[PDB]
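A.B. asks: Chains as they are written, first to last, in my numbering: chain B, 1390 to 1454; chain Y, 8 to 121; chain X, -3 to 79; chain A, 734 to 910.
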Amino acid sequence: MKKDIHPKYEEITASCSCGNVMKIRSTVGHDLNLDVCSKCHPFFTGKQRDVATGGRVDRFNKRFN
Amino acid sequence: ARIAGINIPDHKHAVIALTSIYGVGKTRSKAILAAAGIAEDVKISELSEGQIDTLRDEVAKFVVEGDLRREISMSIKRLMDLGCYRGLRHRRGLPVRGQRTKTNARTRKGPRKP
Amino acid sequence: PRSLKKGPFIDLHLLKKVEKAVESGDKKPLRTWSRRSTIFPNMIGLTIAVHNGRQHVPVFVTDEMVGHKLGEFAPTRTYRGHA
Amino acid sequence: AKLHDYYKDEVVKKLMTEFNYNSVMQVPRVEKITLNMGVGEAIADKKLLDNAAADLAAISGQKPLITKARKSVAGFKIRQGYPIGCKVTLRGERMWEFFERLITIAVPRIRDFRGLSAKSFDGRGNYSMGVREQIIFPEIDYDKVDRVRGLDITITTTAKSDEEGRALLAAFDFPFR
RNA sequence: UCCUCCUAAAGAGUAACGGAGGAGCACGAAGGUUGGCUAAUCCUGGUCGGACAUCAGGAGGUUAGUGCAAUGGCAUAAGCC
RNA sequence: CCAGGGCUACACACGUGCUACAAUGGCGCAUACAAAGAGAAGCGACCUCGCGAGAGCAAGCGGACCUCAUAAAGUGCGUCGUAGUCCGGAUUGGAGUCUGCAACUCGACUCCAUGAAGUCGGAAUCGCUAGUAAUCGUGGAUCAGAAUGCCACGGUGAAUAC
């Protein structure tokens, strides 16, 4: 790669909120803090949670007796 | 300063900055900050990151921005595909709760060109 | 909405009619003037011809219709457009 | 980097064990990743393109190219040779760095990420996905908000068909709703 | 007055108030040279983006392009950087 | 005579009102000062339950006795620091309560979420001469339930008329 036209690419350590650490090479210039990562996301584990897709008859048997 | 859906402001108080999330208003932000124990007066910028995570999981308890938008759109689509009266009112862009349709309803009917 | 301690509302004649259609087991429609009745779960799968003022429009009780009144699926005022 | 090594051990092993591959050079290797930013608004304003250039230079590692128009279209008010987009090709250790940052630290942040499409394979194994907001990447200050200015990322693979490329991508625990 | 095609009868030439079109310029780069590259148009995938902008891959092979009308040519490119 | 519907529709136009566009203000806490009136298949204390609408049990009262019923603007402290914003509160989803045989068409209210237009309004045009205009609350009739209307009542309270 050419010398001066590219921005500096420093290896930093981003820290996930659930406890993961991840050394990446990036150009932000400083260390960085995260919240959600490849671990501890609602899609990546399996807690995807579609809603009840009709709780109507369950609502009728819960409301009325 | 980063709650999984969006960003929150830093110079507002923590109640008002918490109300930037889709799914919480005044009462739910008051209850969230009462659970996590942060005073209502202090700004977001004075908060620290462990306390922001202990805020984050309590906001993650409720239904918030993404699955709330999914829930609302799914309920309105359920009405419109049901064939009920409120379904047809949601269809044609008319007031649903039995409002005046003769004169007013200029919010639901759109701005008045004709 | 009604109160929760009062229970769901249905006419006595409609309840007798739908229980007669359950013990009879047929799927022939029944015409009702009972728009104020809440749909019950035993009515699912039989077409009910609800009165809308002139005629009886036949509505088919699905699973998702089990909370609402019968008259909600029978439009009373017809309107197409001003042009 | 690390995902390159995870490829060279686990993904090479897996794709020998699920397709019958006669050779280790039969495996799909991922060739390049291109980040295109089709701004299009440079028909009147000029500095907005030079801001999207710094955008792709921040999101990616290296400086972008400025893609000019290939043919003139009178429908869009562009002419022959107007700088209408910008693009980055990254390959080697830089695409492995960007791919690990994309799969780990960026793709949760797509603001109701419910799972991206697995039907976006074009026919020869190459996958293409479009992000609408460039704020999902951690390189953006958010005190310097300019515009929404999303991009599209195209992973180009040496797979032959859809299912071999999808095996290669989902081997990396790619989301795939 | 000049240029290209047909009439023009397979060398050249060849008329009509015969059939069709153009020129009265441009460019210090659009010239020289070295090195490199190769189209149009479809299909599929993809943020705004849409028939048609940018991206990627396949199809296809010169149906593209030549500063300008037409003919002849052009990949060793005379086309593109 | 009866059941269901409609009088509540909706490309549009006008009349009269309410709520706003905020800092003479919004919110939170504490505290002060009224008048007039209604109540018996009615008003419904205290206490308990419910975040709240309300529910339960339940004395008093045909009333200068009891209840409706803590007046609100004000005031003191803090906070927002001029943003469509801690303004605005339309619209919509969910969960309810109550009256009523019955709340879909088509009731009122509560709570949570949503957070639209609107930054003082064109030509024009209205009311007002003092406890008045303006602004803040309360009460009553009709009423099973359902006032931003109507009728009344008090709090603060101007400017100007050559």
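Quick reminder that beta carbons are idealized off the backbone N, C-alpha and C, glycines included.
In the DSSP assignment, find the unbroken beta strand (DSSP E) run with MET770(A) in it and report its ends.
C.D. replies: 763 to 770
A.B. asks: Between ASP845(A) and chain Y, is the shortest Cβ-Cβ distance under 7 Å, so that the two count as touching?
C.D. replies: yes
A.B. asks: At least one CB of chain B closer than 7 Å to the CB of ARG834(A): is that the case?
C.D. replies: yes
A.B. asks: If distances are taken between C-alpha atoms only, which option among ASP64(Y), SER55(Y), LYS50(Y) comes closest to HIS1430(B)?
C.D. replies: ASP64(Y)
A.B. asks: Can you tell me whether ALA1441(B) is buried or exposed, with buried defined as 16 or more other CB within 10 angstroms of its CB?
C.D. replies: exposed
A.B. asks: Return no unless some Cβ of chain Y is closer than 7 Å to the Cβ of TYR740(A).
C.D. replies: Not a single CB atom of chain Y sits nearer than 7 Å to the CB of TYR740(A).
A.B. asks: Would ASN753(A) be called buried (16 or more neighbouring beta carbons within 10 Å of its own) or exposed?
C.D. replies: The C-beta of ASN753(A) has fewer than 16 other C-beta atoms within 10 Å across all chains shown, which makes the residue exposed.
A.B. asks: Please classify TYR75(X) as buried or exposed, where buried requires at least 16 neighbouring CB atoms within 10 angstroms.
C.D. replies: Counting Cβ neighbours within 10 Å, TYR75(X) comes out exposed, since fewer than 16 surround it.
A.B. asks: With DSSP as the reference, please indicate the residues paired to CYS819(A) in a beta bridge.
C.D. replies: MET770(A)
A.B. asks: Closest Cβ-Cβ distance between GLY1443(B) and chain X: below 7 Å?
C.D. replies: yes
A.B. asks: Using a Cβ-Cβ cutoff of 7 Å, what residues of the stretch 777 to 795 of chain A are near chain B? List them in chain order.
C.D. replies: From the stretch 777 to 795 of chain A, only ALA790, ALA791, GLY794, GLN795 have a Cβ closer than 7 Å to chain B.
A.B. asks: At a Cβ threshold of 7 Å, is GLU15(X) touching chain B?
C.D. replies: It does not: the Cβ of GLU15(X) has no partner Cβ on chain B nearer than 7 Å.
A.B. asks: Between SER30(X) and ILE44(X), what straight-line distance do the alpha-carbon atoms span, to the nearest angstrom?
C.D. replies: 10 Å
A.B. asks: Quick check on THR837(A) - is its C-beta less than 7 Å from some C-beta in chain B?
C.D. replies: yes
A.B. asks: For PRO25(X), would you say it is in contact with chain B, using Cβ-to-Cβ distances shorter than 7 Å as the test?
C.D. replies: no
A.B. asks: Could you tell me whether the Cβ atoms of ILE792(A) and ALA802(A) are closer together than 7 Å?
C.D. replies: no
A.B. asks: With 16 as the cutoff for other CB atoms within 10 Å, does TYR875(A) come out buried or exposed?
C.D. replies: exposed
A.B. asks: What residue range is occupied by the uninterrupted alpha helix (DSSP H) comprising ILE792(A)?
C.D. replies: 780 to 792
A.B. asks: Given this structure, state the Cα-to-Cα distance separating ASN1409(B) from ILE79(Y), to the nearest angstrom.
C.D. replies: 34 Å
A.B. asks: Span of the beta strand (DSSP E) holding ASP885(A)?
C.D. replies: 882 to 890
A.B. asks: Can you tell me which of the three DSSP states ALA1403(B) falls into?
C.D. replies: strand
A.B. asks: Measuring only the C-alpha atoms, how far is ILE59(Y) from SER853(A)?
C.D. replies: 37 Å
A.B. asks: Give me the chain B residues within the contact set of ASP74(Y), using Cβ-Cβ distance strictly less than 8 Å, ordered along the chain.
C.D. replies: Below the 8 Å Cβ cutoff, chain B contributes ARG1438, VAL1440 as neighbours of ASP74(Y), in chain order.
A.B. asks: Rank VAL744(A), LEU768(A), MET749(A) by C-alpha distance to the C-alpha of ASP885(A) and give the top, closest one.
C.D. replies: Residue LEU768(A) holds the alpha-carbon nearest to the alpha-carbon of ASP885(A) among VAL744(A), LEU768(A), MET749(A).
A.B. asks: I want to see whether chain Y comes within less than 7 Å of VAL1417(B), judged by CB atoms only; does it?
C.D. replies: no
A.B. asks: Just verifying my parser: in three-state terms, what is the DSSP assignment at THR61(Y)?
C.D. replies: helix
A.B. asks: By how many angstroms is the C-alpha of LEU62(Y) removed from the C-alpha of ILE39(Y)?
C.D. replies: 7 Å
A.B. asks: Could you have a look at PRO797(A) and say whether DSSP puts it in helix, strand or coil?
C.D. replies: coil
A.B. asks: Below 8 Å between beta carbons is the criterion; list the residues of the stretch 83 to 108 of chain Y that meet it against any residue of chain X, in chain order.
C.D. replies: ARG85, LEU89, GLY90, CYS91, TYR92, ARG93, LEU95
A.B. asks: Count the other C-beta atoms from every protein chain shown that fall within 10 angstroms of the C-beta of residue 2(Y), then say buried if there are 16 or more, exposed otherwise.
C.D. replies: Because chain Y spans 8 through 121 in this model, residue 2(Y) falls outside it and cannot be assessed.
A.B. asks: Out of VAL71(Y), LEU89(Y), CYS91(Y), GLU47(Y), which one is the CA nearest neighbour of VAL31(Y)?
C.D. replies: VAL71(Y)
A.B. asks: Helix, strand or coil: how does DSSP classify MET862(A) here?
C.D. replies: strand
A.B. asks: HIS47(X) lies in the beta strand (DSSP E); which residues open and close that run?
C.D. replies: 43 to 47
A.B. asks: Note down, in chain order, every chain A residue with its Cβ under 8 Å from the Cβ of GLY12(Y).
C.D. replies: Ordered by position in chain A, the residues that pass the 8 Å Cβ test against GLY12(Y) are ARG844, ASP845.
A.B. asks: In chain A, what lies closer than 7 Å to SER1427(B) by C-beta?
C.D. replies: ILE836, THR837
A.B. asks: Determine whether the Cβ of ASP1447(B) lies closer than 7 Å to any Cβ atom of chain Y.
C.D. replies: Taking 7 Å as the CB threshold, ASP1447(B) stays off the interface with chain Y.
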